[PDB]
Amino acid sequence: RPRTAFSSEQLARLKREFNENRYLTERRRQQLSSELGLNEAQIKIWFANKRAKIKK
Amino acid sequence: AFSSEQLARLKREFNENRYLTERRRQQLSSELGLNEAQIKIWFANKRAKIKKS
DNA sequence: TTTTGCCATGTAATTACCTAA
DNA sequence: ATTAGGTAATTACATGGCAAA
C-alpha cells in the first residue's frame with residue numbers, strides 16, 4: 001500500500017471530523033473517502049495514527 | 001472439523017492458559033497436526049464463546 | 001421403531017478494525 | 001504505512017435434534 005501526502009484541504013477536513021469524534025464509523029468513512037478523494041484505508045490508518053499520537 | 005482427541009487437548013490447554021504463547025501454539029500445532037492459524041483461531045473463538053456464558 | 005427430512009444450534013473461518021510498536 | 005496480538009460480529013456450512021409418515 002503506497003504512502004500518500006494529503007492535500008491541506010484533506011487534512012483540514014480530517015482534523016475537522018477528528019475534532020468531533022476520534023472514531024469513524026464505516027459508513028462515515030465511505031462518505032469522507034468519496035468527499036475527499038481519499039482511499040478508505042488511508043482515512044482509517046490516518047485516524048488510527050492520530051489517536052495514538054494524541055495519547056502522547 | 002477437529003477430532004475428539006484434538007479438541008480434548010486444546011481444551012486441556014485452554015483451561016491452563018486461555019491465551020496462547022508462541023511456544024504453546026507451536027507445540028500444539030506440531031503434536032496435533034494442525035496449522036498454527038487454526039490453533040490461534042480456535043483459542044480466539046473459544047474465548048469469545050466462554051464470554052457468552 | 002425405522003427413516004426421512006428439515007430447521008436450529010454449533011463452530012471454523014472470514015471480515016473488520018482496535019491498540020501498540 | 002506495516003506487523004502483530006486482541007476483540008467482536010458475521011459468514012458459511014456442518015451437524016444435532018426432533019418431528020413425523
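Chain identifiers are assigned alphabetically (A, B, ...) following the order of the sequence lines, protein sequences preceding nucleic acid strands; residue numbering begins at 1 within each chain. As a basis for the values below, the full set of heavy atoms in this structure was taken, side chains included, without hydrogen atoms, waters or symmetry mates.
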Side-chain ion pair, A:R28 and A:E35, N-O less than 4.0 Å: yes

Side chain of A:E26 (C-beta onward), nearest among C:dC17, C:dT19, C:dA13: C:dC17

Heavy atoms only, 4.0 Å cut-off, all strands: where does B:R18 land among base, sugar-phosphate and nothing? nothing

Residue B:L7, side-chain atoms from C-beta onward, closest of C:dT11, C:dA12, D:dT2: C:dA12

Using the side-chain heavy atoms of B:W42, tell me which of these nucleotides is nearest: D:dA1, C:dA12, C:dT19. C:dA12

5' precedence on DNA chain C between A:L24 and A:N49 (nearest-nucleotide basis): A:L24

Determine, for A:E17 against A:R13, whether the closest basic-nitrogen to carboxylate-oxygen distance falls under 4.0 angstrom. yes

Could you tell me how the ring of A:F18 sits relative to the ring of A:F47: parallel (under 30°), tilted (30 to 60°) or perpendicular (over 60°)? tilted

Watson-Crick or G-U wobble mate for D:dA1, both contacts under 3.5 Å: none

Side-chain atoms of B:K40 come closest, of C:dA12, C:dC18, D:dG5, to D:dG5

Testing C:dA12, C:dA20, D:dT2 for proximity to the side chain of A:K55, the answer is C:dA20

Are OP1 or OP2 of C:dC17 and a side-chain N or O of A:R29 less than 4.0 angstrom apart? yes

Closest to the 5' end of DNA chain D, once B:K51 and A:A41 are matched to their nearest nucleotides, is A:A41

For A:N39, enumerate each residue passing the side chain to side chain donor-acceptor pair (under 3.5 Å) test, keeping only those at least two apart in sequence or located in another chain. A:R1

As a test of reading the structure: which of C:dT14, D:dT7, D:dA1 is closest to the side chain of B:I41, going by heavy atoms? C:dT14

Could you check which of D:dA1, C:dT19, C:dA13 has an atom nearest any side-chain atom of B:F2? C:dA13

